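Asks: Take a look at the following structure, please.
All of this is worked out from the model, or read from it or from the source named; no laboratory instrument gave them. FYI the Cβ positions are ideal-geometry reconstructions off the backbone, even for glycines, and counts take in every protein chain you see.
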Amino acid sequence: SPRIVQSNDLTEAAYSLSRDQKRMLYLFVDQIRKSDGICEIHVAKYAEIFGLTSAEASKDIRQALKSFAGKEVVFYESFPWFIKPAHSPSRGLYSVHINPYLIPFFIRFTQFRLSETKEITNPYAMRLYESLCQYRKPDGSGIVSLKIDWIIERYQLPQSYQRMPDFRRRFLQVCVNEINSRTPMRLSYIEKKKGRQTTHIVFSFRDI
DNA sequence: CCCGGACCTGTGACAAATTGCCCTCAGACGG
DNA sequence: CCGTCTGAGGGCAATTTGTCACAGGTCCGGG
Ligand SMILES: [Mg+2]
């Protein structure tokens, strides 16, 4: 299946995208990399990749696309994703205008096969699997320590998850569970503390 | 000695949002 | 021209995600 690659600067960038928008984003990166910034999406091709009907595909593309307006990307400098609205010349076909200034940030890199992520539902969990891959070894294992405040900024978790028990229950446990249930990776963790405060989360993983 | 207060934890409610489903009906194409 | 495959619309209830009040732990410094 298609092998996604992206600069680590994008993996660690700050942004908020839905699953459907992130799903579309993978195809843009695939299209762009296999070469001005003008990409295209066919309804019927999208449907076959993610096992959806044409109708629900159409609904997902259409609503994702109009929700891009005003979205911005921060590299620690802010940029908009799109500089022109989407439009359909033909039935079943969409044409999109990615900000050409994003190109160099697209192409010290991260890689994963698309089948690894296409069953994930929660977008924050898609971002965690993208951030673990950045440190993965050939054989398929790795271990990395991420700071909680940096997790909150980079993934832009909503504000009420600054209370740690809500963070645990509605983000961490759920996203660890899906990965273990929906990917070929087996993930565990432990909490790092300083006094009463939890400061980092330590992830360990292996393949198969 | 024990207090109220500033911290920490997990859970129960409810509100807002998202999931995969369903139904209708005209466009684009080829038989 | 019509019968069929698409896909652009309109909806639903069942789940997930996002928010906050309240009980219950600790340690500190004042009474
Ligand atoms: Mg959907």
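Asks: May I ask you to list the residues in the range A:1-33 that are among the aliphatic types (A, V, I, L, M) and not in a helix (DSSP H, G or I)?
Replies: Applying the first criterion (among the aliphatic types (A, V, I, L, M)) to the range A:1-33 yields A:4-5, A:10, A:13-14, A:17, A:24-25, A:27, A:29, A:32.
Correct list: A:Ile4, A:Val5, A:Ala13, A:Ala14, A:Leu17.
Asks: Please pick out the residue among A:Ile107, A:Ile148 that is assigned by CATH to the domain that holds A:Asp36 and either within 17 Å of A:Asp9 (Cα to Cα) or more than 17 Å from the chain's Cα centre (by Cα) (or both).
Replies: Working: A:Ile148 fails: assigned by CATH to the domain that holds A:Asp36.
The match here is A:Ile107.
Asks: Same structure again: Would you tally the residues in the range A:119-138 being away from DNA strand C (no atom under 16 Å from the Cβ) and either among the charged types (D, E, K, R) or part of a loop (DSSP other than H, G, I, E, B) (or both)? Walk me through how you get there before you give the answer.
Replies: Of the residues in the range A:119-138, the ones away from DNA strand C (no atom under 16 Å from the Cβ) are A:130-138.
Within this subset, residues satisfying the condition of being either among the charged types (D, E, K, R) or part of a loop (DSSP other than H, G, I, E, B) (or both) are A:130, A:134-138.
So the count comes out to 6.
Asks: Then there's this: Within the range A:82-138, which residues are closer than 21 Å to A:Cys175 by Cβ and of a type in the set (A, V, I, L, M)?
Replies: A:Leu114, A:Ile120, A:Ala125, A:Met126, A:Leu128, A:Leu132
Asks: Of the residues that sit in the range A:34-67 and are part of a loop (DSSP other than H, G, I, E, B) and hydrophobic (A, V, I, L, M, F, W, C), which one is nearest to the chain's Cα centre (by Cα)? Lay out the reasoning, then the answer.
Replies: Going residue by residue through the range A:34-67, those that are part of a loop (DSSP other than H, G, I, E, B) are A:34-37, A:50-53, A:67.
Filter again for hydrophobic (A, V, I, L, M, F, W, C), leaving A:50, A:52.
Working: A:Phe50: 16, A:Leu52: 20 Å.
For the range A:34-67, the residue satisfying everything is A:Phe50.
Asks: For the range A:140-207, give me every one of the helices (runs of 4 or more DSSP H) that falls completely inside it and has 2 or more residues that are in contact with a strand residue (DSSP E or B) (Cβ under 7 Å, 6 or more places away or on another chain) and within 30 Å of A:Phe50 (Cβ to Cβ). Before you say what the answer is, go through the steps one by one.
Replies: On the way: elements: A:148-155, A:164-167, A:173-182.
Correct list: A:148-155, A:173-182.
Asks: Hey, another quick one. Among (1) more than 12 Å from the chain's Cα centre (by Cα); (2) within 13 Å of DNA strand C (Cβ to nearest atom), where does A:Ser16 come up short?
Replies: Evaluating A:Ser16 over (1) more than 12 Å from the chain's Cα centre (by Cα); (2) within 13 Å of DNA strand C (Cβ to nearest atom) leaves (1) as the failure.
Asks: Pull out all pairs, ordered by first then second residue, where Cβ-Cβ is under 7 Å, the residues are six or more apart or on different chains, the first lies in the range A:80-104 and is in a helix (DSSP H, G or I), and the second is aliphatic (A, V, I, L, M).
Replies: Hits for this filter: A:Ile103/A:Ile32.
Asks: From the list A:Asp166, A:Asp149, exactly one residue is surrounded by 12 or more Cβ atoms within 10 Å (Cβ to Cβ) and more than 16 Å from A:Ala125 (Cβ to Cβ). Which is it? First the steps, then the outcome.
Replies: Numbers: A:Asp149 fails: surrounded by 12 or more Cβ atoms within 10 Å (Cβ to Cβ).
Among A:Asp166, A:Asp149, only A:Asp166 is surrounded by 12 or more Cβ atoms within 10 Å (Cβ to Cβ) and more than 16 Å from A:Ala125 (Cβ to Cβ).
Asks: So, one more: Report the residue count in the range A:73-121 for those that are of a type in the set (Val, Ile, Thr) and surrounded by fewer than 12 Cβ atoms within 10 Å (Cβ to Cβ). Break it down into steps so the answer makes sense when it comes.
Replies: Residues of the range A:73-121 that are of a type in the set (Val, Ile, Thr), as a first pass: A:73-74, A:83, A:96, A:98, A:103, A:107, A:110, A:117, A:120-121.
The next check asks that each one be surrounded by fewer than 12 Cβ atoms within 10 Å (Cβ to Cβ); those that pass are A:121.
The qualifying residues number 1.
Asks: OK, next. Out of curiosity, is A:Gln63 farther than 30 Å from A:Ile208 by Cβ, within 16 Å of the ligand (Cβ to nearest atom) and surrounded by fewer than 18 Cβ atoms within 10 Å (Cβ to Cβ)? Even if it seems obvious, please write down each step before you answer.
Replies: Details: farther than 30 Å from A:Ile208 by Cβ: yes; within 16 Å of the ligand (Cβ to nearest atom): yes; surrounded by fewer than 18 Cβ atoms within 10 Å (Cβ to Cβ): yes.
So A:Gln63 passes the test.
Asks: Still on this structure, I have one more. Which one is nearest to DNA strand B (Cβ to nearest atom), of the residues in the range A:28-42 that are touching a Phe, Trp or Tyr at 6+ places or on another chain (Cβ under 8 Å) and aliphatic (A, V, I, L, M)?
Replies: A:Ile41
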